[PDB]
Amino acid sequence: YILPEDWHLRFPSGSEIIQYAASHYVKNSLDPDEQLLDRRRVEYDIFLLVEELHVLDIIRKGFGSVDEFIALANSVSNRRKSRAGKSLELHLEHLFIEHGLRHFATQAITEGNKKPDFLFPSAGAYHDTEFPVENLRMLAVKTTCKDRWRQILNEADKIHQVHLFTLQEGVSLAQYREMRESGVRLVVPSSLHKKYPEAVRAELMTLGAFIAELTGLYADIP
């Protein structure tokens, strides 16, 4: 790939990796669902290489004790964890802008505590007492859900139908039922649908459909 000069030394930020990765996308596959999965794959491959230049030398020369091993073990695991999550946020932000969805707030304050990944169409409209509450949207983003999905709930007391975007290779049917009852709606990249139980597949939204719904919903907003 040939990386930027100081990357060998200083480990780049999430936006920096992607900023570099952008000049290496396949192009075009103008479907938003295709684009995400592709941009993720390209970004990840670059990340793998940067990671190697920081650890591979330490990896080979072994560890004298468990406490030594596990410190870097946790450090490296948790580097991936923190960066994987921010990556998906960023990739969706870029895709919203590129596909006509300009009406969204990134760091939007709702009730004063929890702040959702994405709020629609505005932080302002959300507090606007005369904006139709049923036209409000919220997008929580989780690369994997597992048990962690329930942490997304009351991020927007005002919105009961909440959207969760995830890359998980199938959510259990039992687990999906809990999500429905709690008012959660999955947005999942078209390609990953086949990993979800047949009964669930029907109620699954693609990224493309999400963007299209919201684009029309807020077309009448400046």
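Start at 1 with the first residue shown and count on from there.
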item	value
Between the two ranges 136-144 and 94-102, the one averaging a larger CA B factor in the entry	94-102
Mean C-alpha B-factor comparison - 199-207 and 12-20, higher one	12-20
Top residue by Cα temperature factor, when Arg177, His193, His54, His163 are compared in the entry	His54
C-alpha B-factor winner, where the candidates are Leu173, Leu153, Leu167, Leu30	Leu30
For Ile159, the third of its chain into which the C-alpha B factor falls	middle
Within-chain third of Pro121 by Cα B-factor, per the entry	lowest
Among modelled residues of the same chain, the CA temperature factor third for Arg40	middle
